[PDB]
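File shown: work-v7.csv. Contents: CSV, N, CA and C atoms.
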chain,number,residue,atom,x,y,z
A,1,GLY,N,0.8,-1.2,0.0
A,1,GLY,CA,0.0,0.0,0.0
A,1,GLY,C,0.9,1.3,0.0
A,2,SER,N,0.3,2.4,0.5
A,2,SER,CA,1.1,3.6,0.7
A,2,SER,C,0.4,4.4,1.8
A,3,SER,N,-0.8,5.0,1.6
A,3,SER,CA,-1.4,6.1,2.3
A,3,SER,C,-0.4,7.3,2.4
A,4,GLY,N,-0.5,8.3,1.5
A,4,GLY,CA,0.5,9.4,1.4
A,4,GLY,C,-0.1,10.5,0.6
A,5,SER,N,0.8,11.3,0.0
A,5,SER,CA,0.5,12.6,-0.6
A,5,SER,C,-0.2,13.6,0.4
A,6,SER,N,-0.4,14.8,0.0
A,6,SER,CA,-0.5,16.0,0.8
A,6,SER,C,0.9,16.3,1.4
A,7,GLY,N,1.3,17.6,1.4
A,7,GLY,CA,2.4,18.1,2.0
A,7,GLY,C,2.0,19.4,2.7
A,8,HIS,N,3.0,20.2,3.3
A,8,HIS,CA,2.7,21.5,3.7
A,8,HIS,C,4.1,22.3,3.8
A,9,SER,N,4.0,23.6,3.9
A,9,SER,CA,5.2,24.4,4.3
A,9,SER,C,4.7,25.6,5.1
A,10,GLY,N,5.5,26.2,5.9
A,10,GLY,CA,5.1,26.8,7.1
A,10,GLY,C,4.6,25.8,8.1
A,11,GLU,N,3.8,26.2,9.1
A,11,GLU,CA,3.1,25.4,10.1
A,11,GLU,C,4.0,24.9,11.2
A,12,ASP,N,4.3,25.9,12.1
A,12,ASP,CA,5.3,25.8,13.1
A,12,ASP,C,5.0,24.7,14.2
A,13,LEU,N,3.8,24.7,14.7
A,13,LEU,CA,3.0,23.9,15.6
A,13,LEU,C,3.7,23.3,16.8
A,14,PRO,N,3.0,23.1,18.0
A,14,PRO,CA,3.6,22.5,19.2
A,14,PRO,C,3.9,21.0,19.0
A,15,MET,N,4.7,20.5,19.9
A,15,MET,CA,5.3,19.2,19.8
A,15,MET,C,5.1,18.2,21.0
A,16,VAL,N,5.2,18.7,22.2
A,16,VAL,CA,4.9,18.0,23.4
A,16,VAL,C,4.0,18.7,24.3
A,17,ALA,N,3.5,18.0,25.4
A,17,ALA,CA,2.6,18.5,26.3
A,17,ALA,C,3.2,18.6,27.7
A,18,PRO,N,2.6,19.3,28.7
A,18,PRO,CA,3.3,19.6,30.0
A,18,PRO,C,3.6,18.4,30.9
A,19,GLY,N,4.8,18.5,31.5
A,19,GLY,CA,5.3,17.6,32.5
A,19,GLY,C,4.5,17.7,33.8
A,20,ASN,N,4.9,16.9,34.8
A,20,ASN,CA,4.3,16.7,36.1
A,20,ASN,C,2.9,17.2,36.3
A,21,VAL,N,2.0,16.5,35.6
A,21,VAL,CA,0.6,16.8,35.8
A,21,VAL,C,0.1,16.2,37.1
A,22,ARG,N,-0.6,17.0,37.8
A,22,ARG,CA,-1.3,16.7,39.1
A,22,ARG,C,-2.6,17.5,39.2
A,23,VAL,N,-3.5,17.2,40.2
A,23,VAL,CA,-4.7,17.9,40.5
A,23,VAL,C,-5.0,17.8,42.0
A,24,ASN,N,-5.4,18.8,42.6
A,24,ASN,CA,-5.8,19.0,44.0
A,24,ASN,C,-7.2,19.5,44.1
A,25,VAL,N,-8.1,18.7,44.7
A,25,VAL,CA,-9.4,19.3,45.0
A,25,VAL,C,-9.3,20.3,46.1
A,26,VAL,N,-9.9,21.5,45.9
A,26,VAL,CA,-9.8,22.7,46.7
A,26,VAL,C,-11.1,22.8,47.6
A,27,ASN,N,-12.2,22.9,47.0
A,27,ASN,CA,-13.5,22.9,47.6
A,27,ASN,C,-14.3,21.7,47.1
A,28,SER,N,-15.6,21.6,47.6
A,28,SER,CA,-16.5,20.5,47.1
A,28,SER,C,-16.8,20.7,45.6
A,29,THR,N,-16.6,21.9,45.1
A,29,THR,CA,-17.1,22.4,43.8
A,29,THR,C,-16.0,22.9,42.9
A,30,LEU,N,-14.8,23.0,43.5
A,30,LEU,CA,-13.6,23.6,42.9
A,30,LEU,C,-12.4,22.7,43.1
A,31,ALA,N,-11.6,22.4,42.0
A,31,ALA,CA,-10.4,21.8,42.1
A,31,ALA,C,-9.3,22.7,41.5
A,32,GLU,N,-8.0,22.3,41.6
A,32,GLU,CA,-6.9,23.1,41.0
A,32,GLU,C,-6.0,22.0,40.4
A,33,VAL,N,-5.8,22.1,39.0
A,33,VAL,CA,-4.9,21.3,38.3
A,33,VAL,C,-3.6,22.0,38.3
A,34,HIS,N,-2.5,21.2,38.2
A,34,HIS,CA,-1.1,21.6,38.2
A,34,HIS,C,-0.4,20.9,37.0
A,35,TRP,N,0.6,21.6,36.4
A,35,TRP,CA,1.4,21.1,35.3
A,35,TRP,C,2.7,21.9,35.2
A,36,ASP,N,3.6,21.4,34.4
A,36,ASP,CA,4.9,22.1,34.2
A,36,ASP,C,4.9,23.1,33.1
A,37,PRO,N,5.6,24.3,33.2
A,37,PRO,CA,5.7,25.3,32.2
A,37,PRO,C,6.7,24.8,31.1
A,38,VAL,N,6.1,24.3,29.9
A,38,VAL,CA,6.8,23.7,28.9
A,38,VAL,C,7.8,24.6,28.2
A,39,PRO,N,8.9,24.1,27.5
A,39,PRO,CA,9.9,24.8,26.8
A,39,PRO,C,9.3,25.4,25.5
A,40,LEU,N,9.8,26.6,25.1
A,40,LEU,CA,9.4,27.2,23.8
A,40,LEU,C,9.9,26.3,22.7
A,41,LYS,N,10.9,25.5,22.9
A,41,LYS,CA,11.3,24.5,21.9
A,41,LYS,C,10.2,23.4,21.6
A,42,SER,N,9.3,23.2,22.5
A,42,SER,CA,8.1,22.3,22.3
A,42,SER,C,6.9,23.2,21.8
A,43,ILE,N,6.8,24.4,22.1
A,43,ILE,CA,5.8,25.3,21.8
A,43,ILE,C,5.9,25.6,20.3
A,44,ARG,N,7.1,25.8,19.8
A,44,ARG,CA,7.4,26.3,18.5
A,44,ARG,C,6.7,27.6,18.2
A,45,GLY,N,7.2,28.7,18.7
A,45,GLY,CA,6.8,30.0,18.4
A,45,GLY,C,6.3,30.8,19.6
A,46,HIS,N,5.0,30.9,19.8
A,46,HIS,CA,4.4,31.8,20.7
A,46,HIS,C,3.2,31.1,21.4
A,47,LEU,N,3.4,30.7,22.6
A,47,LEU,CA,2.4,30.1,23.5
A,47,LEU,C,1.2,31.0,23.6
A,48,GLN,N,0.0,30.5,23.2
A,48,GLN,CA,-1.2,31.2,23.3
A,48,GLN,C,-1.8,31.0,24.7
A,49,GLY,N,-1.9,29.7,25.1
A,49,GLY,CA,-2.6,29.3,26.3
A,49,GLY,C,-2.4,27.8,26.5
A,50,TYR,N,-2.8,27.3,27.7
A,50,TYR,CA,-3.2,25.9,28.0
A,50,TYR,C,-4.7,25.8,27.9
A,51,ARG,N,-5.1,24.7,27.2
A,51,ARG,CA,-6.5,24.3,27.2
A,51,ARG,C,-6.5,23.1,28.1
A,52,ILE,N,-7.7,22.8,28.8
A,52,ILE,CA,-7.9,21.5,29.5
A,52,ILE,C,-9.2,21.0,28.9
A,53,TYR,N,-9.2,19.7,28.5
A,53,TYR,CA,-10.4,18.9,28.3
A,53,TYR,C,-10.7,18.1,29.5
A,54,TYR,N,-12.0,18.0,29.9
A,54,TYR,CA,-12.4,17.2,31.0
A,54,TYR,C,-13.8,16.7,30.8
A,55,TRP,N,-14.2,15.7,31.6
A,55,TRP,CA,-15.6,15.2,31.5
A,55,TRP,C,-15.9,14.6,32.9
A,56,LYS,N,-17.2,14.5,33.1
A,56,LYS,CA,-17.9,13.8,34.2
A,56,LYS,C,-17.6,12.4,34.1
A,57,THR,N,-17.1,11.7,35.1
A,57,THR,CA,-16.9,10.3,35.1
A,57,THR,C,-17.9,9.8,36.2
A,58,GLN,N,-18.2,8.5,36.3
A,58,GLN,CA,-19.1,7.9,37.3
A,58,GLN,C,-20.5,8.4,37.3
A,59,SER,N,-21.0,9.1,36.3
A,59,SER,CA,-22.4,9.4,36.1
A,59,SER,C,-23.0,8.5,35.1
A,60,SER,N,-22.4,8.3,33.9
A,60,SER,CA,-22.7,7.4,32.8
A,60,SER,C,-24.2,7.6,32.4
A,61,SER,N,-24.4,8.6,31.6
A,61,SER,CA,-25.7,9.1,30.9
A,61,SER,C,-26.8,8.0,30.9
A,62,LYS,N,-26.6,6.9,30.2
A,62,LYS,CA,-27.5,5.7,30.0
A,62,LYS,C,-28.8,6.0,29.2
A,63,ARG,N,-29.0,5.3,28.2
A,63,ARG,CA,-30.2,5.3,27.3
A,63,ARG,C,-30.5,6.7,26.7
A,64,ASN,N,-31.2,7.5,27.4
A,64,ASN,CA,-31.8,8.8,26.9
A,64,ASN,C,-30.7,9.8,26.5
A,65,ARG,N,-30.5,9.9,25.2
A,65,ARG,CA,-29.4,10.7,24.6
A,65,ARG,C,-28.1,10.3,25.2
A,66,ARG,N,-27.8,9.0,25.3
A,66,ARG,CA,-26.6,8.5,25.9
A,66,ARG,C,-25.3,9.1,25.2
A,67,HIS,N,-24.6,10.0,25.9
A,67,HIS,CA,-23.3,10.4,25.5
A,67,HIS,C,-22.5,10.9,26.7
A,68,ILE,N,-21.3,11.3,26.6
A,68,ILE,CA,-20.5,11.9,27.7
A,68,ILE,C,-20.3,13.3,27.4
A,69,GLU,N,-20.5,14.2,28.4
A,69,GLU,CA,-20.3,15.6,28.3
A,69,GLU,C,-18.8,15.9,28.5
A,70,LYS,N,-18.2,16.3,27.4
A,70,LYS,CA,-16.7,16.5,27.3
A,70,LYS,C,-16.5,18.0,27.2
A,71,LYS,N,-16.3,18.7,28.3
A,71,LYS,CA,-16.2,20.1,28.6
A,71,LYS,C,-14.8,20.6,28.3
A,72,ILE,N,-14.6,21.9,28.2
A,72,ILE,CA,-13.4,22.5,27.8
A,72,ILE,C,-13.2,23.7,28.8
A,73,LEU,N,-11.9,24.0,29.1
A,73,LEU,CA,-11.4,25.0,30.0
A,73,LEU,C,-10.3,25.8,29.3
A,74,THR,N,-10.2,27.1,29.5
A,74,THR,CA,-9.4,28.0,28.7
A,74,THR,C,-8.5,28.8,29.7
A,75,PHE,N,-7.1,28.6,29.6
A,75,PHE,CA,-6.2,29.4,30.4
A,75,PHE,C,-5.1,30.0,29.5
A,76,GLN,N,-5.4,31.1,28.9
A,76,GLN,CA,-4.5,31.9,28.1
A,76,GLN,C,-3.3,32.4,29.0
A,77,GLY,N,-2.1,32.5,28.4
A,77,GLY,CA,-0.9,32.9,29.1
A,77,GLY,C,-0.4,31.8,29.9
A,78,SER,N,0.9,32.0,30.4
A,78,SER,CA,1.8,30.9,30.7
A,78,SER,C,1.7,30.4,32.1
A,79,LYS,N,0.4,30.1,32.6
A,79,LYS,CA,0.2,29.6,33.9
A,79,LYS,C,0.8,28.2,34.1
A,80,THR,N,0.8,27.7,35.3
A,80,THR,CA,1.3,26.3,35.6
A,80,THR,C,0.3,25.6,36.5
A,81,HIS,N,-0.9,26.2,36.8
A,81,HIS,CA,-2.0,25.7,37.5
A,81,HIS,C,-3.3,26.4,36.9
A,82,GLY,N,-4.4,25.7,37.1
A,82,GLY,CA,-5.7,26.3,36.6
A,82,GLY,C,-6.8,25.5,37.3
A,83,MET,N,-7.8,26.3,37.8
A,83,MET,CA,-8.9,25.7,38.6
A,83,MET,C,-9.9,25.0,37.7
A,84,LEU,N,-10.6,24.1,38.3
A,84,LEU,CA,-11.8,23.5,37.7
A,84,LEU,C,-13.0,24.0,38.6
A,85,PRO,N,-13.7,25.1,38.2
A,85,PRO,CA,-14.9,25.6,38.9
A,85,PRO,C,-16.2,25.1,38.1
A,86,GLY,N,-17.3,25.0,38.8
A,86,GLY,CA,-18.5,24.6,38.2
A,86,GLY,C,-18.5,23.1,37.9
A,87,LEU,N,-18.1,22.3,38.8
A,87,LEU,CA,-18.0,20.8,38.9
A,87,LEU,C,-19.1,20.3,39.8
A,88,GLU,N,-19.0,19.1,40.3
A,88,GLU,CA,-19.9,18.5,41.3
A,88,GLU,C,-19.1,17.9,42.4
A,89,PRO,N,-19.6,18.0,43.7
A,89,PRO,CA,-19.1,17.2,44.8
A,89,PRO,C,-19.5,15.7,44.6
A,90,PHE,N,-18.9,14.9,45.5
A,90,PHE,CA,-19.0,13.4,45.6
A,90,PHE,C,-19.1,12.8,44.2
A,91,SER,N,-18.3,13.2,43.2
A,91,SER,CA,-18.3,12.8,41.9
A,91,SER,C,-16.8,12.5,41.5
A,92,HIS,N,-16.6,11.6,40.5
A,92,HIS,CA,-15.3,11.5,39.9
A,92,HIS,C,-15.2,12.3,38.6
A,93,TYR,N,-14.1,12.9,38.3
A,93,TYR,CA,-13.9,13.6,37.1
A,93,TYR,C,-12.5,13.2,36.5
A,94,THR,N,-12.4,13.3,35.2
A,94,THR,CA,-11.2,13.1,34.4
A,94,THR,C,-11.0,14.4,33.6
A,95,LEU,N,-9.7,14.8,33.4
A,95,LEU,CA,-9.2,16.0,32.7
A,95,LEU,C,-7.9,15.7,32.1
A,96,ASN,N,-7.4,16.5,31.1
A,96,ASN,CA,-6.1,16.5,30.6
A,96,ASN,C,-5.7,17.9,30.0
A,97,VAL,N,-4.4,18.2,30.0
A,97,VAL,CA,-3.9,19.5,29.7
A,97,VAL,C,-3.3,19.5,28.2
A,98,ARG,N,-3.5,20.5,27.5
A,98,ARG,CA,-3.0,20.6,26.1
A,98,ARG,C,-2.4,22.0,25.9
A,99,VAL,N,-1.3,22.1,25.2
A,99,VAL,CA,-0.7,23.4,24.8
A,99,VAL,C,-1.3,23.9,23.5
A,100,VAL,N,-1.4,25.2,23.4
A,100,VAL,CA,-1.9,25.9,22.2
A,100,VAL,C,-0.9,27.0,21.9
A,101,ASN,N,-0.6,27.2,20.7
A,101,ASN,CA,0.3,28.3,20.2
A,101,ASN,C,-0.4,29.0,19.0
A,102,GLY,N,0.3,30.0,18.4
A,102,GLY,CA,-0.3,30.8,17.4
A,102,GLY,C,-0.7,30.1,16.1
A,103,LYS,N,-0.4,28.8,16.0
A,103,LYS,CA,-0.6,28.0,14.8
A,103,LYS,C,-1.7,27.0,15.1
A,104,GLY,N,-1.8,26.4,16.3
A,104,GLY,CA,-2.8,25.4,16.7
A,104,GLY,C,-2.4,24.8,18.0
A,105,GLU,N,-3.2,23.8,18.4
A,105,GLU,CA,-2.8,22.9,19.5
A,105,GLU,C,-1.7,22.0,19.1
A,106,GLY,N,-1.1,21.3,20.0
A,106,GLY,CA,-0.3,20.1,19.9
A,106,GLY,C,-0.9,19.0,20.8
A,107,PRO,N,-0.2,17.9,21.1
A,107,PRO,CA,-0.7,16.9,21.9
A,107,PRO,C,-1.2,17.3,23.3
A,108,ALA,N,-2.1,16.5,23.9
A,108,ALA,CA,-2.5,16.6,25.3
A,108,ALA,C,-1.7,15.7,26.1
A,109,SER,N,-1.4,16.1,27.3
A,109,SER,CA,-0.6,15.3,28.3
A,109,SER,C,-1.5,14.1,28.9
A,110,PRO,N,-0.9,13.3,29.7
A,110,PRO,CA,-1.6,12.1,30.2
A,110,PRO,C,-2.8,12.6,31.1
A,111,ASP,N,-4.0,12.0,30.9
A,111,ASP,CA,-5.2,12.3,31.7
A,111,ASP,C,-4.9,12.0,33.2
A,112,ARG,N,-5.7,12.7,34.0
A,112,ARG,CA,-5.6,12.6,35.5
A,112,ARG,C,-7.0,12.5,36.0
A,113,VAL,N,-7.2,12.2,37.2
A,113,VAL,CA,-8.4,12.1,37.9
A,113,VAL,C,-8.4,12.8,39.2
A,114,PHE,N,-9.6,13.1,39.7
A,114,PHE,CA,-9.9,13.7,41.0
A,114,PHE,C,-11.3,13.3,41.4
A,115,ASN,N,-11.5,13.0,42.7
A,115,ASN,CA,-12.9,12.8,43.3
A,115,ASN,C,-13.1,13.9,44.3
A,116,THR,N,-14.3,14.5,44.2
A,116,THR,CA,-14.6,15.6,45.1
A,116,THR,C,-15.3,15.1,46.4
A,117,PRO,N,-15.1,15.9,47.5
A,117,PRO,CA,-15.3,15.4,48.8
A,117,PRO,C,-16.7,14.9,49.2
A,118,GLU,N,-17.7,15.7,49.3
A,118,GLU,CA,-19.0,15.3,49.6
A,118,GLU,C,-20.1,16.4,49.2
A,119,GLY,N,-19.8,17.6,49.4
A,119,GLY,CA,-20.8,18.7,49.3
A,119,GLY,C,-20.5,19.9,50.2
A,120,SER,N,-21.4,20.9,50.2
A,120,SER,CA,-21.5,22.0,51.2
A,120,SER,C,-22.6,22.9,50.6
A,121,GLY,N,-23.5,23.4,51.5
A,121,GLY,CA,-24.6,24.2,51.1
A,121,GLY,C,-25.9,23.7,51.8
A,122,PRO,N,-27.0,24.4,51.6
A,122,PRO,CA,-28.3,24.1,52.3
A,122,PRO,C,-29.0,23.0,51.6
A,123,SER,N,-28.3,21.9,51.3
A,123,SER,CA,-28.9,20.6,50.9
A,123,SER,C,-29.8,20.1,52.0
A,124,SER,N,-30.8,19.3,51.7
A,124,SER,CA,-31.7,18.6,52.7
A,124,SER,C,-32.2,17.3,52.2
A,125,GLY,N,-32.8,17.3,50.9
A,125,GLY,CA,-33.3,16.1,50.3
A,125,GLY,C,-33.4,16.4,48.8
Write out the structure in this file as structure tokens.
Amino acid sequence: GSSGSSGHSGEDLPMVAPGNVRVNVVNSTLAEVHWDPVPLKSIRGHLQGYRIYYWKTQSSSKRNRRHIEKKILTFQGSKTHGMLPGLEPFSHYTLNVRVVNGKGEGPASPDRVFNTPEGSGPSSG
């Protein structure tokens, strides 16, 4: 076989994703992800931001419009941590970090997990 043709010229694009990924749950509804500040050599050009993809785990939609809600988070500029607000308590979540530059994204780093504690607020039933 082959599978080939198409070429390009230009297109600087990123190459690797951030080191030492971790996440710390902060509040019942708020977590804080951590990652390493990648080299410009991997960014190739001008770092726009970190994006984070994440989804609800341990809910599992089932039957009625069965899919997984795969949400996105936006941290422009060269942070090394970024919060997950507007989540749920007593739930598992999965997320991953991706670099973005002036040309596009590159790869996403290894996925991570966090479970949120229990709750807080005027719950009753």
Nearest-residue call for residue A:97, choices A:109, A:5, A:20, A:116, using all atoms listed in the file:
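That would be A:109, the residue with the smallest distance to residue A:97.
For the set A:48, A:64, A:123, A:115, the residue with the smallest atom-to-atom gap to residue A:93 is A:115, counting all atoms listed in the file.
The closest residue to residue A:13, picked from A:67, A:103, A:81, A:62 and counting all atoms listed in the file, is A:103.
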Report, in Å with one decimal, the straight-line distance from atom CA of residue A:35 to atom CA of residue A:10.
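Result for atom CA of residue A:35 versus atom CA of residue A:10: 29.0 Å, one decimal.
Neighbouring residues of residue A:27 at 12 Å or closer, counting only C-alpha atoms and skipping chain neighbours under 3 positions away, are residues 24, 30, 31, 32, 83, 84, 85, 86, 87, 88, 89, 90, 114, 115, 116, 117, 118, 119, 120 and 121 of chain A.
For the choices A:2, A:42, A:101, A:91, the atom-to-atom distance to residue A:15 is smallest for A:42 when using all atoms listed in the file.
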As a check of understanding: the span from atom CA of residue A:55 to atom CA of residue A:69 is 5.7 Å
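Comparing the minimum interatomic distances between residue A:19 and each of A:105, A:110, A:4, A:73, counting only N, CA and C atoms, we find that A:110 sits nearest.
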Kindly indicate which residue among A:22, A:112, A:92, A:71 lies nearest to residue A:59, using all atoms listed in the file for the distances.
A:92
Where does DSSP see helix (DSSP H, G or I) in stretch 27-116 of chain A, if you list the residues as a list in words?
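Matching residues, listed in order: residues 40, 41, 42 and 43 of chain A.
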For the residues selected in the previous step, produce a file with N, CA and C atoms as a short mmCIF file (atom, residue, chain, number, x, y, z; two decimals), keeping the file's coordinate frame.
data_model
loop_
_atom_site.label_atom_id
_atom_site.label_comp_id
_atom_site.auth_asym_id
_atom_site.auth_seq_id
_atom_site.Cartn_x
_atom_site.Cartn_y
_atom_site.Cartn_z
N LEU A 40 9.80 26.60 25.10
CA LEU A 40 9.40 27.20 23.80
C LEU A 40 9.90 26.30 22.70
N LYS A 41 10.90 25.50 22.90
CA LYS A 41 11.30 24.50 21.90
C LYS A 41 10.20 23.40 21.60
N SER A 42 9.30 23.20 22.50
CA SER A 42 8.10 22.30 22.30
C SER A 42 6.90 23.20 21.80
N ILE A 43 6.80 24.40 22.10
CA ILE A 43 5.80 25.30 21.80
C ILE A 43 5.90 25.60 20.30
#
What is the distance between atom N of residue A:41 and atom C of residue A:14, in Å to one decimal?
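We find that atom N of residue A:41 and atom C of residue A:14 lie 9.2 Å from each other.
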Can you tell me, as a short mmCIF file (atom, residue, chain, number, x, y, z; two decimals) with N, CA and C atoms, in the frame of the given file, which residues in chain A count as strand (DSSP E) by DSSP?
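Generated output (part25.cif):
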data_model
loop_
_atom_site.label_atom_id
_atom_site.label_comp_id
_atom_site.auth_asym_id
_atom_site.auth_seq_id
_atom_site.Cartn_x
_atom_site.Cartn_y
_atom_site.Cartn_z
N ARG A 22 -0.60 17.00 37.80
CA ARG A 22 -1.30 16.70 39.10
C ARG A 22 -2.60 17.50 39.20
N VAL A 23 -3.50 17.20 40.20
CA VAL A 23 -4.70 17.90 40.50
C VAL A 23 -5.00 17.80 42.00
N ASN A 24 -5.40 18.80 42.60
CA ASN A 24 -5.80 19.00 44.00
C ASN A 24 -7.20 19.50 44.10
N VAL A 25 -8.10 18.70 44.70
CA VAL A 25 -9.40 19.30 45.00
C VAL A 25 -9.30 20.30 46.10
N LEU A 30 -14.80 23.00 43.50
CA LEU A 30 -13.60 23.60 42.90
C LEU A 30 -12.40 22.70 43.10
N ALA A 31 -11.60 22.40 42.00
CA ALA A 31 -10.40 21.80 42.10
C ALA A 31 -9.30 22.70 41.50
N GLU A 32 -8.00 22.30 41.60
CA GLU A 32 -6.90 23.10 41.00
C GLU A 32 -6.00 22.00 40.40
N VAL A 33 -5.80 22.10 39.00
CA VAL A 33 -4.90 21.30 38.30
C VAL A 33 -3.60 22.00 38.30
N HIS A 34 -2.50 21.20 38.20
CA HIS A 34 -1.10 21.60 38.20
C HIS A 34 -0.40 20.90 37.00
N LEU A 47 3.40 30.70 22.60
CA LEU A 47 2.40 30.10 23.50
C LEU A 47 1.20 31.00 23.60
N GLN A 48 0.00 30.50 23.20
CA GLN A 48 -1.20 31.20 23.30
C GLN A 48 -1.80 31.00 24.70
N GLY A 49 -1.90 29.70 25.10
CA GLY A 49 -2.60 29.30 26.30
C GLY A 49 -2.40 27.80 26.50
N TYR A 50 -2.80 27.30 27.70
CA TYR A 50 -3.20 25.90 28.00
C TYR A 50 -4.70 25.80 27.90
N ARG A 51 -5.10 24.70 27.20
CA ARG A 51 -6.50 24.30 27.20
C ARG A 51 -6.50 23.10 28.10
N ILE A 52 -7.70 22.80 28.80
CA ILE A 52 -7.90 21.50 29.50
C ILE A 52 -9.20 21.00 28.90
N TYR A 53 -9.20 19.70 28.50
CA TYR A 53 -10.40 18.90 28.30
C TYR A 53 -10.70 18.10 29.50
N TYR A 54 -12.00 18.00 29.90
CA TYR A 54 -12.40 17.20 31.00
C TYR A 54 -13.80 16.70 30.80
N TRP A 55 -14.20 15.70 31.60
CA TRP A 55 -15.60 15.20 31.50
C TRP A 55 -15.90 14.60 32.90
N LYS A 56 -17.20 14.50 33.10
CA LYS A 56 -17.90 13.80 34.20
C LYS A 56 -17.60 12.40 34.10
N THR A 57 -17.10 11.70 35.10
CA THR A 57 -16.90 10.30 35.10
C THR A 57 -17.90 9.80 36.20
N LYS A 70 -18.20 16.30 27.40
CA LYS A 70 -16.70 16.50 27.30
C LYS A 70 -16.50 18.00 27.20
N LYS A 71 -16.30 18.70 28.30
CA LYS A 71 -16.20 20.10 28.60
C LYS A 71 -14.80 20.60 28.30
N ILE A 72 -14.60 21.90 28.20
CA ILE A 72 -13.40 22.50 27.80
C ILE A 72 -13.20 23.70 28.80
N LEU A 73 -11.90 24.00 29.10
CA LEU A 73 -11.40 25.00 30.00
C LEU A 73 -10.30 25.80 29.30
N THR A 74 -10.20 27.10 29.50
CA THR A 74 -9.40 28.00 28.70
C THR A 74 -8.50 28.80 29.70
N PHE A 75 -7.10 28.60 29.60
CA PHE A 75 -6.20 29.40 30.40
C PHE A 75 -5.10 30.00 29.50
N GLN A 76 -5.40 31.10 28.90
CA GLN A 76 -4.50 31.90 28.10
C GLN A 76 -3.30 32.40 29.00
N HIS A 81 -0.90 26.20 36.80
CA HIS A 81 -2.00 25.70 37.50
C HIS A 81 -3.30 26.40 36.90
N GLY A 82 -4.40 25.70 37.10
CA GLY A 82 -5.70 26.30 36.60
C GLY A 82 -6.80 25.50 37.30
N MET A 83 -7.80 26.30 37.80
CA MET A 83 -8.90 25.70 38.60
C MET A 83 -9.90 25.00 37.70
N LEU A 84 -10.60 24.10 38.30
CA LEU A 84 -11.80 23.50 37.70
C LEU A 84 -13.00 24.00 38.60
N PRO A 85 -13.70 25.10 38.20
CA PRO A 85 -14.90 25.60 38.90
C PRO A 85 -16.20 25.10 38.10
N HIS A 92 -16.60 11.60 40.50
CA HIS A 92 -15.30 11.50 39.90
C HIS A 92 -15.20 12.30 38.60
N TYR A 93 -14.10 12.90 38.30
CA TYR A 93 -13.90 13.60 37.10
C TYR A 93 -12.50 13.20 36.50
N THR A 94 -12.40 13.30 35.20
CA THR A 94 -11.20 13.10 34.40
C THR A 94 -11.00 14.40 33.60
N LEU A 95 -9.70 14.80 33.40
CA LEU A 95 -9.20 16.00 32.70
C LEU A 95 -7.90 15.70 32.10
N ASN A 96 -7.40 16.50 31.10
CA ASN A 96 -6.10 16.50 30.60
C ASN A 96 -5.70 17.90 30.00
N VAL A 97 -4.40 18.20 30.00
CA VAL A 97 -3.90 19.50 29.70
C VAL A 97 -3.30 19.50 28.20
N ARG A 98 -3.50 20.50 27.50
CA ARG A 98 -3.00 20.60 26.10
C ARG A 98 -2.40 22.00 25.90
N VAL A 99 -1.30 22.10 25.20
CA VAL A 99 -0.70 23.40 24.80
C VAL A 99 -1.30 23.90 23.50
N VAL A 100 -1.40 25.20 23.40
CA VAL A 100 -1.90 25.90 22.20
C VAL A 100 -0.90 27.00 21.90
N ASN A 101 -0.60 27.20 20.70
CA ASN A 101 0.30 28.30 20.20
C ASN A 101 -0.40 29.00 19.00
N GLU A 105 -3.20 23.80 18.40
CA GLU A 105 -2.80 22.90 19.50
C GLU A 105 -1.70 22.00 19.10
N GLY A 106 -1.10 21.30 20.00
CA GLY A 106 -0.30 20.10 19.90
C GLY A 106 -0.90 19.00 20.80
N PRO A 107 -0.20 17.90 21.10
CA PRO A 107 -0.70 16.90 21.90
C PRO A 107 -1.20 17.30 23.30
N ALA A 108 -2.10 16.50 23.90
CA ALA A 108 -2.50 16.60 25.30
C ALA A 108 -1.70 15.70 26.10
N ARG A 112 -5.70 12.70 34.00
CA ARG A 112 -5.60 12.60 35.50
C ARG A 112 -7.00 12.50 36.00
N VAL A 113 -7.20 12.20 37.20
CA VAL A 113 -8.40 12.10 37.90
C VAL A 113 -8.40 12.80 39.20
N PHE A 114 -9.60 13.10 39.70
CA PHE A 114 -9.90 13.70 41.00
C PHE A 114 -11.30 13.30 41.40
N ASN A 115 -11.50 13.00 42.70
CA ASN A 115 -12.90 12.80 43.30
C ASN A 115 -13.10 13.90 44.30
#
Polymer residues at most 6 Å from residue A:96, only C-alpha atoms, same-chain spacing of 5 or more positions, as a PyMOL selection string
chain A and resi 52-53+111
Adding 8 Å on each side of the box along x, y and z that holds all listed atoms of stretch 105-111 of chain A, could you give its centre and edge lengths in Å to one decimal, as lines of an AutoDock Vina configuration file?
center_x = -2.7
center_y = 17.9
center_z = 25.8
size_x = 21.0
size_y = 27.8
size_z = 30.8
Got a sec: who's within 7 Å of residue A:76, counting all atoms listed in the file, leaving out chain neighbours fewer than 5 positions off, as a PyMOL selection string?
chain A and resi 48-51
Hey, what's within 8 Å of residue A:12 if we count only N, CA and C atoms and toss same-chain stuff fewer than 6 positions away? As a list in words, please?
residues 42, 43, 44, 45, 102, 103 and 104 of chain A
